[PDB]
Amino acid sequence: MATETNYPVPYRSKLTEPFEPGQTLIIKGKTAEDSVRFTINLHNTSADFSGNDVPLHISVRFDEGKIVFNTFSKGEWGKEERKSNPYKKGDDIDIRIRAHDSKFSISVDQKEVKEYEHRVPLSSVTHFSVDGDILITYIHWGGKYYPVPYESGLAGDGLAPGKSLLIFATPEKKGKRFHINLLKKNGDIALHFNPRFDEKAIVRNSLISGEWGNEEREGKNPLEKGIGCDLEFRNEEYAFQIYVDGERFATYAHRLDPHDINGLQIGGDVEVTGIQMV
């Protein structure tokens, strides 16, 4: 209701392909002190008809103080399922919906709060809409089931200054530690990002010619077992700017010339749900 900008509401988007197991839909926005409610719908339709079926309807109610889930099909609504609404009028919201074969897992502020079993085909979801008292500031749909240990190459130029590698993951509930390596062609690790819960610290280092370097820790681990996190590795001219959940966690001065960072590896006790180059 403030600055239209991107994603103005009523917002609607036709998916390029049907929503599939794995795959997450992320919605972030701002609310006003007078916001009453907003909705997020996964639905069916041709491309302008609208309605039809709504496999998953999410209603965030500030008046009722609840988040409500339901399904509409064959012209009828089923029985609503509710959870408490942790948000107060005003303040930002972060809701994420990941599809699985037997249900949708919905997280609020990166915390799992609802498991909604499919009532109608997940495949009938061809669009998603957002409407109501919310100023959308971020939307993204994609990802998949990333096996871990994970391993792959990066684009053509890969990670170069001016670019950033965005990773969505959730440290495992009973995990001790995990790591992410940004590698160069010859196999050297430009950056080793290694959160260690058993040591309450995130270790950063580089692997050059089979040798581990100095090693930088300290900064207070901002991650939490079982809680989702948004990791951003901003490659800059003099260093990597490491962002955790929107806040700069650390800076890591380059030990290997940046440029040509074309490899990625992820291992340890962690679940990866999204990887993207921005």
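Each residue number is its position in the shown sequence, starting from 1. We call the rigid core the largest set of C-alpha positions that still match within 1.5 Å between the two forms.
Which of the two stretches, 45-53 versus 242-250, has its Cα atoms farther on average from this form in 5 other deposited structures of this protein when everything is superposed by the rigid core? Result of the core-fitted comparison in 5 other deposited structures of this protein: 45-53 deviates more.
Mean CA temperature factor from the deposited coordinates, higher in 95-103 or in 128-136? For C-alpha atoms only, the mean B-factor is higher in 128-136.
For the C-alpha atoms alone, is the average B factor greater in 213-221 or in 23-31, going by the entry? It is 213-221.
Candidate set 114, 118, 173, 179 [ranked by C-alpha B-factor, highest]: Reading the PDB entry, the winner on C-alpha B-factor is 173.
Which one of 143, 86, 78, 156 shows the biggest C-alpha B-factor in the PDB entry? If I rank 143, 86, 78, 156 by C-alpha B-factor, first place goes to 156.
Sorting the chain's CA B-factors, does residue 49 end up in the lowest, middle or highest third? As the PDB entry reports it, the C-alpha B-factor of residue 49 lands in the highest third of its chain.
Within-chain third of residue 191 by Cα B-factor, per the entry: According to the entry, residue 191 has a C-alpha B-factor in the chain's lowest third.
By the recorded C-alpha temperature factor, relative to the other modelled residues in its chain, which third is residue 66 in? Lowest third.
Place residue 2 in the lowest, middle or highest third of its chain's C-alpha B-factors, as listed in the PDB entry. Highest third of the chain for residue 2's C-alpha B-factor.
How does residue 248 rank on Cα B-factor within its chain, lowest, middle or highest third? Residue 248: CA B-factor falls in the highest third of its chain.
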